[PDB]
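Note sheet for the following structure.
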Amino acid sequence: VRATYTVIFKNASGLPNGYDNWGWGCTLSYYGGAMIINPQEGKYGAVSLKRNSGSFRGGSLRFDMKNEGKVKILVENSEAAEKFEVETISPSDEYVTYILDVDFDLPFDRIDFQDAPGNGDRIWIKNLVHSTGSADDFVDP
Ligand SMILES: OC[C@H]1O[C@@H](O[C@H]2[C@H](O)[C@H](O)[C@H](O[C@H]3[C@H](O)[C@H](O)[C@H](O[C@H]4[C@H](O)[C@H](O)[C@H](O[C@H]5[C@H](O)[C@H](O)[C@H](O)O[C@@H]5CO)O[C@@H]4CO)O[C@@H]3CO)O[C@@H]2CO)[C@@H](O)[C@@H](O)[C@@H]1O
């Protein structure tokens with residue numbers, strides 16, 4: 001039942017080791033351990049964390065987020081040039097923990113957090129972890 005838990009981002013102030021930002025339409029900054037996305041109005045901006053070597057398969061994504069507007073979570077396979085919409089998350093003025101199943105049928109090497117409405121609403125992310133297992137089985141490590 002045991003999963004493998006990949007800690008991508010926790011209490012950092014820069015990009016994760018082995019990840020690039022393939023984002024668009026935004027400024028990325030940090031404060032107090034949170035990644036802060038400042039999207040430009042009209043650009044539908046996003047951070048896109050690109051894993052430089054290897055890929056994840058299925059499993060689940062866990063993260064804390066607060067967000068002024070609706071945020072779309074996607075994964076992508078850069079080799080196939082395919083993207084997959086995981087969930088759109090409603091606004092919250094406080095951090096909330098999300099644990100989302102990833103049902104994409106390909107491996108993924110990009111994880112995206114996008115300003116879905118394109119109004120420039122800011123996004124804060126902490127504590128980003130992938131599990132090889134399901135969201136229902138995720139034991140938050
Ligand atoms: O960084 C160097 C690296 O870049 C490589 O090229 C990358 C490029 O940098 C970007 O990462 C690009 O990313 C694109 C995504 O793959 C995906 O296609 C994405 O699709 C967006 C779309 O553009 C738009 O924002 C859309 O907004 C919706 C919104 O979500 C909502 O539904 C609203 O109602 O409507 C709007 C408008 O339709 O949302 C889509 C999903 O997120 O667009 C990204 C930006 O273009 O990928 C490139 C690779 O293909 C290479 O140059 C590489 O060599 C280099 O090293």
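Ligands are numbered from 1 in the order shown, residues from 1 within each chain, and chains are lettered A, B, ... in the order they appear in the structure tokens.
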
Produce as a PyMOL selection string the set of residues near ligand 1, where near means within 9 Å with only C-alpha atoms and all ligand atoms considered. chain A and resi 20-25+42-48+50+71-74+76-78+81-85+110+112-118

Listing only residues of range 7-57 of chain A within 10 Å of range 97-109 of chain A, what is the closest atom pair and its distance in Å (to one decimal) for each, using only C-alpha atoms, sorted by chain and residue number ascending, as JSON lines?
{"residue": "A:19", "atom": "CA", "partner": "A:109", "partner_atom": "CA", "distance": 9.5}
{"residue": "A:48", "atom": "CA", "partner": "A:109", "partner_atom": "CA", "distance": 9.7}
{"residue": "A:49", "atom": "CA", "partner": "A:109", "partner_atom": "CA", "distance": 8.0}
{"residue": "A:50", "atom": "CA", "partner": "A:109", "partner_atom": "CA", "distance": 5.7}
{"residue": "A:51", "atom": "CA", "partner": "A:109", "partner_atom": "CA", "distance": 5.1}
{"residue": "A:52", "atom": "CA", "partner": "A:109", "partner_atom": "CA", "distance": 7.6}
{"residue": "A:53", "atom": "CA", "partner": "A:109", "partner_atom": "CA", "distance": 8.2}
{"residue": "A:54", "atom": "CA", "partner": "A:109", "partner_atom": "CA", "distance": 6.9}
{"residue": "A:55", "atom": "CA", "partner": "A:109", "partner_atom": "CA", "distance": 4.7}
{"residue": "A:56", "atom": "CA", "partner": "A:108", "partner_atom": "CA", "distance": 5.2}
{"residue": "A:57", "atom": "CA", "partner": "A:107", "partner_atom": "CA", "distance": 4.5}

Generate the output file for the selected residues, C-alpha atoms, as a PDB file, in the first residue's frame.
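New file result.pdb:
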ATOM      1  CA  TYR A  19      13.262  21.883 -11.681  1.00  0.00           C
ATOM      2  CA  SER A  48       4.984  25.492 -14.627  1.00  0.00           C
ATOM      3  CA  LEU A  49       7.425  23.422 -12.650  1.00  0.00           C
ATOM      4  CA  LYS A  50       9.392  21.361 -15.165  1.00  0.00           C
ATOM      5  CA  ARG A  51      11.185  18.324 -13.827  1.00  0.00           C
ATOM      6  CA  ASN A  52      14.467  18.273 -15.700  1.00  0.00           C
ATOM      7  CA  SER A  53      15.126  14.551 -15.460  1.00  0.00           C
ATOM      8  CA  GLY A  54      12.458  11.871 -15.283  1.00  0.00           C
ATOM      9  CA  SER A  55       8.702  11.964 -14.883  1.00  0.00           C
ATOM     10  CA  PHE A  56       5.942  11.160 -12.450  1.00  0.00           C
ATOM     11  CA  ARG A  57       3.224   8.614 -13.219  1.00  0.00           C
TER      12      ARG A  57
END

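Minimum distance to residue 28 in chain A across A:141, A:88, A:130, A:123 (counting only C-alpha atoms) occurs at A:123.
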
Run DSSP on the backbone and grab whatever in chain A lands in strand (DSSP E or B); send it over as a PyMOL selection string. chain A and resi 5-9+19-21+24+26-31+34-39+46-51+56+60-67+71-77+82-89+92-101+108+110-115+123-131

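For the residues A:128, A:68, A:87, A:38, ranking by smallest atom-to-atom distance to residue 15 in chain A using only C-alpha atoms places A:128 first.
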
Selected residue, from A:91, A:33, A:41, A:111, that lies nearest to residue 75 in chain A when counting only C-alpha atoms: A:111

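Taking CA of residue 136 in chain A as the reference point, CA of residue 17 in chain A is found at 28.0 Å.
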
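In this comparison, which uses only C-alpha atoms, the residue of A:4, A:40, A:11, A:27 approaching residue 64 in chain A most closely is A:11.
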